[PDB]
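Examining the three-dimensional arrangement
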Amino acid sequence: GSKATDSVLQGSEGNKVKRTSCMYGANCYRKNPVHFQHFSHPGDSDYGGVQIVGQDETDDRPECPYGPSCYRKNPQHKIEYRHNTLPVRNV
Ligand SMILES: [Zn+2]
Ligand SMILES: [Zn+2]
């Protein structure tokens, strides 16, 4: 076999959208199917866990509502909020 990046998309979860990582994962005491219809869990094909919701949302402080495009001119603002810069790279 060659270097195949093809990810396991085949399965019962061949739905038309990908759910959001259960921020609690397997630690959520909700086992009702609805909990899984919008959140993916550790074992789901739709699970990724690379989202802030699933790994961490805080880092250290609240996030700047304007992102890195925040034009709010204040050093204290930059101190209180996270100006989350994104890779947006094609590697
Ligand atoms: Zn859950
Ligand atoms: Zn800002």
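- By the method listed in its record, solution NMR, this PDB entry was determined.

- Per the PDB entry, the protein carries the name Aprataxin and PNK-like factor and comes from Homo sapiens.
- This entry's official PDB title is "Structure and identification of ADP-ribose recognition motifs of APLF and role in the DNA damage response".

As for the coordination of the zinc ion (ligand 1)
- Of the protein atoms, only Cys22 (SG), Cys28 (SG), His35 (NE2) and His41 (NE2) coordinate the zinc ion (ligand 1), at distances of 1.6 to 1.8 Å.
- All donors to the zinc ion (ligand 1) come from one chain, and their sequence spacing reads C-x5-C-x6-H-x5-H.
- Overall, the relative accessible area of 11% leaves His35 in the buried class.

A few points about the pattern of salt bridges
- Inspection of the entire model under this criterion finds 6 salt bridges.
- Salt-bridge contacts for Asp46 lead to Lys18; the nearest nitrogen and oxygen are separated by 2.8 Å. Here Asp46, found in the loop between β2 (39-40) and α2 (52-55), pairs with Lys18, found in the segment before β1 (20-21); they are 28 residues apart in sequence, far enough to count as distant.
- A salt bridge links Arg19 to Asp46; the nearest nitrogen and oxygen atoms lie 2.7 Å apart. Taken together, the positions of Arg19 in the segment before β1 and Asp46 in the loop between β2 and α2 put the pair 27 residues apart, joining distant regions of the chain.

Calculation rules
Residues numbered from 1 in each chain as written, not as in the entry; some residues may be left out. Chains lettered and ligands numbered in written order. Heavy atoms only, no water. Donors = N, O, S within 2.8 Å, 3.2 Å for Na, K, Ca; no water. Buried < 20%, exposed > 50% of the residue type's maximum accessible area, 1.4 Å probe, protein only. Salt bridge = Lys/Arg side-chain N within 4 Å of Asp/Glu carboxyl O. Helix = DSSP H or I, 4+ residues; strand = E, 2+ residues; numbered from the N terminus.

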